[PDB]
Amino acid sequence: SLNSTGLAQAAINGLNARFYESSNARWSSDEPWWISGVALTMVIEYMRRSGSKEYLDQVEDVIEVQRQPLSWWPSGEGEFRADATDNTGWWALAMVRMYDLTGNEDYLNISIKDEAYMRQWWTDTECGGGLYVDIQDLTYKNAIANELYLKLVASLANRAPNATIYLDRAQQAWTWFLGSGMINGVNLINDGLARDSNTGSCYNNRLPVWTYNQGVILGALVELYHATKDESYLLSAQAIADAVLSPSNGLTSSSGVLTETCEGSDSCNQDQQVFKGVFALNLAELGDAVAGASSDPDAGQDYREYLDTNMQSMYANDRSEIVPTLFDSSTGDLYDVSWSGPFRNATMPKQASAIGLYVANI
Ligand SMILES: OC[C@H]1O[C@H](OC[C@H]2O[C@H](O)[C@@H](O)[C@@H](O)[C@@H]2O)[C@@H](O)[C@@H](O)[C@@H]1O
Ligand SMILES: OC[C@H]1O[C@H](O)[C@@H](O)[C@@H](O)[C@@H]1O
Ligand SMILES: OC[C@H]1O[C@H](O)[C@@H](O)[C@@H](O)[C@@H]1O
């Protein structure tokens, strides 16, 4: 059959052999720094779900160096506090997984510092809530930043000492998100909000439906369920997932393969190349929570069936292997952006998204 653990490791090896920079303790300095954080999450999640620890030394090197005050944002004072709330949020969630893997209070403390940094740009005076993404400009409360923050406070509500204040913040944050309008008529999440020129009220800006904006919210609702034992959160998550799996909504191909909207025009940029893996890994948390929340053995079978279907398509259609040489004995797998289309080339955001799908099936 298909050993997702073996292919995850081969993909991580391929990510490392092509894109990891030993001298910089980071993958691909020419790609968005926040995608290095996503990559770290995938490697941590692989280790956490497979029981292996083969990349734990490497992960710890990356943390120690990216922990330092950023050259492009020294006012953050390190600990991943960067020039945007979504930048910070990706690394914050990686530290939560780091904590889950190791149990070291140190990583949890980074997440606590990051929550407090992000909340600095939560304002109740515009849109009745939510935080801005552009720390320097304060012109956009989008979906990804508030989804990341929501999943952070919901995670802290399950792990941090003053867990109650985080439960209050997460419940208050989910209420704002739900009533914000970003969840549209088919239970998908548009990119962000826009503000009325004359009235100051906000509305769904009808910008694209990105796959990672339907994933991160699922993890937040799963964490909100673990902290409250309220299945209504799982039900809300399940509706967002169900809309994604529905081919009528354009996210799922006629072959049952997840497809970013830019894949058609072949115009997926550095950011959008990683979106799919973020959704898959989050849907795996939904499927796991759903299967355990009920005695039914078929609970979440469709989410697992979906991830499996997508894995075999990416394995057969999107895969390419590195050429070993007399000097470089490094082996592994490389992956392009389309989980059904051909393999043209591999980039770090595409590779990280491939790892996410394999880890989602581990
Ligand atoms: O490509 C769709 C997104 O494009 C814009 O943001 C790009 C990325 O910039 C940030 O630094 C990262 O943290 C990412 O989270 C973010 O996607 C925004 O318009 C965003 O809302 C779009 O979804
Ligand atoms: O993501 C890469 C990261 O490093 C660059 O040097 C800066 O311009 C940042 O604004 C950017 O976010
Ligand atoms: O339209 C919503 C939003 O779209 C853009 O991506 C942002 O740069 C903002 O200027 C604007 O408010």
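Residues numbered from 1 in each chain as written, not as in the entry; some residues may be left out. Chains lettered and ligands numbered in written order. Heavy atoms only, no water.

If you look the protein up in the PDB entry, it shows as CtGH76 from Thermochaetoides thermophila DSM 1495.

Enquirer: For this particular structure, what's the right way to read the site of ligand 1?
Expert: Lining the immediate surroundings of ligand 1 are 13 residues, of which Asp86, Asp191, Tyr212, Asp271 and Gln272 lie closest. Take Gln272: an N or O atom from its side chain is 2.9 Å from an oxygen atom of ligand 1. Calculation on ligand 1 without its partners gives an accessible area of 490 Å², and the protein chains cover 77% of this total. By residue number, the principal contributor to the shell around ligand 1 is helix α4 (residues 85–102), which donates three residues. Among the residues forming the shell around ligand 1, the class breakdown is seven nonpolar, three polar and three charged. (Near = heavy atom within 4 Å. Polar contact = N/O pair within 3.5 Å; in protein donor to acceptor, adjacent residues only side chain to side chain. Areas by Shrake-Rupley, 256 points an atom, 1.4 Å probe, with all protein chains shown as cover. Helix = DSSP H or I, 4+ residues; strand = E, 2+ residues; numbered from the N terminus. Nonpolar A, V, L, I, M, F, W, Y, C, P; charged D, E, K, R; others polar.)

Enquirer: Could you clarify how one ought to interpret the site of ligand 3 in this entry?
Expert: Residues in contact with ligand 3, as listed here, are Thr139, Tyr140, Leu193 and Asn205. A distance of 3.2 Å is found between an oxygen atom of ligand 3 and a backbone nitrogen or oxygen belonging to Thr139. Calculation on ligand 3 without its partners gives an accessible area of 320 Å², and the protein chains cover 49% of this total. A class-by-class count of the residues in the shell around ligand 3 yields two nonpolar, two polar and no charged.

Enquirer: Any chance you could explain the nonpolar core here in plain terms?
Expert: Nonpolar side chains in soluble globular proteins tend to be buried together. Counting residues in hydrophobic clusters, the biggest one holds 128 residues, and the most contacted among them are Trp27, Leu40 and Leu283. Here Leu283 is in contact with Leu218, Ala241, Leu245, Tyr303, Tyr306 and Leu307, once residues within four sequence places are set aside. (Core = buried A, V, L, I, M, F, W, Y, C linked by side-chain atoms within 4.5 Å. Buried < 20%, exposed > 50% of the residue type's maximum accessible area, 1.4 Å probe, protein only. Contact = heavy atoms within 4.5 Å.)

Enquirer: Honestly, the packing of helix α2 (residues 33–50) against helix α11 (residues 275–292) in this entry has me stumped. Any pointers?
Expert: For any two helices packed against each other, one specifies the crossing angle of their axes together with the interaxial distance. Running from N to C, α2 and α11 point in directions that differ by 35 degrees, and their axes come no closer than 11 Å. In this structure, α2 meets α11 at a crossing whose hand is left-handed. When α2 is examined against α11, the residues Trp34, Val38, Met42, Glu45 and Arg49 are found in contact with a partner set consisting of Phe275, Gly277, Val278, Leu281, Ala284 and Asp288. Residues of the contact of α2 with α11, tallied by class, amount to seven nonpolar, one polar and three charged. (Axes fitted to C-alpha atoms, helices over the stretch in contact; angles between N-to-C directions. Left-handed = near helix turned anticlockwise from the far one by under 90°.)

Enquirer: Whenever I open this one, the packing of helix α9 (residues 231–245) against helix α12 (residues 301–317) confuses me. Can you help?
Expert: Their axes nearest at 11 Å, the elements α9 and α12 cross at an angle of 40 degrees. Viewed along their axes, α9 and α12 adopt a mutual orientation that is oblique. Along this stretch, α9 crosses α12, giving a crossing that reads as left-handed. Residues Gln238, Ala241, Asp242 and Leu245 of α9 form the contact with α12, whose participating residues are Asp302, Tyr303 and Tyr306. (Parallel < 35°, antiparallel > 145°, perpendicular 65-115°, else oblique.)

Enquirer: Even after reading the chapter, I still don't get the packing of aromatic side chains, so can you show me in this structure?
Expert: Where two aromatic rings form a pair, the distance of their centres and the angle of their planes describe that pair. Counting across every chain of the model gives 14 aromatic pairs. Measuring from centroid to centroid gives 6.3 Å for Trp122 and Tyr149, while their planes differ by 45 degrees, and the two rings are tilted. Of this pair, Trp122 sits in the loop between α5 (105–118) and α6 (143–159) while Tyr149 sits in helix α6, and the two are 27 residues apart along the sequence. Aromatic side chains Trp210 and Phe275 sit 5.7 Å apart centroid to centroid with 70 degrees between the ring planes, which places their arrangement in the edge-to-face category. Taken together, the residues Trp210 in the loop between β4 (202–204) and α8 (216–228) and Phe275 in helix α11 connect sequence positions 65 residues apart. The pair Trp210 / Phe275 is uniform in exposure class, with both members buried. (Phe/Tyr/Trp six-rings, centres within 6.5 Å; stacked < 30°, edge-to-face > 60°.)

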